[PDB]
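Just the one chain here, laid out as structure tokens, in the form deposited in one PDB entry.
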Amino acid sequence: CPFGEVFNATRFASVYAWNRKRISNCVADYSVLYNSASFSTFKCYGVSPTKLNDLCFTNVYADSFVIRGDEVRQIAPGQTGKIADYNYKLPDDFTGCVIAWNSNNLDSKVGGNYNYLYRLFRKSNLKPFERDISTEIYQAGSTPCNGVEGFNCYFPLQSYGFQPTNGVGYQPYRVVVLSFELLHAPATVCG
């Protein structure tokens, strides 16, 4: 299986437009990564991480994005906050894993790197595995916004300010969420 295309990948999408990759028809070894001791965060919900690749699922999805350390605690079952409510939400019945590592050396930049965006405004919260690219002018006042920014009419996406001399809580982190789908279909992803 081509995990190197997801983890050791060159470019990562920002969290508002996170990147889902489908994985099927290959043999995967999980214990290469968990015992690699290369990630700062590796939490698996549902299945035991300890050598339980003795299963076969229909499909395997890998969702990659970039956030900050303060927000890593939000990529977890039943968590609430900016990222979970407005950017990327996981369901309570999560049969999967979340991995994350500090990418301060690759996503920061002197004077700030403002290439990663996060959604700061939304009328409702995101359903599990929803994805919102709507750059509609969020309405915070009584006036309808009519697509133009102005008094009480803010753009929904806002930049990350990734200076390298940040505290760890403010530094960029790369996150990959693995979901294991077992539907009523021929299972092909075994170990």
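Here, rigid core means the biggest group of C-alpha atoms that superpose within 1.5 Å across both forms. Residue numbers here begin at 1 and follow the sequence given.
- Once the C-alpha B-factors are averaged per stretch, 115 to 123 and 89 to 97 rank with 89 to 97 first.
- Stretches 16 to 24 and 179 to 187 differ in mean C-alpha B factor, with the higher average recorded for 179 to 187.
- The residue among 58, 139, 64, 134 whose C-alpha atom has the highest B-factor in the PDB entry is 58.
- For the set 163, 152, 35, 159, the maximum C-alpha B-factor listed in the entry falls on 35.
- When all modelled residues of the chain are sorted by CA temperature factor, residue 43 is found within the middle third.
One more form of this protein, deposited in another entry, exists but is not displayed; see below.
- 50 is the only residue from 50, 40, 135, 124 whose Cα shifts by 2 Å or more between the shown form and the other one, the rigid core being superposed.
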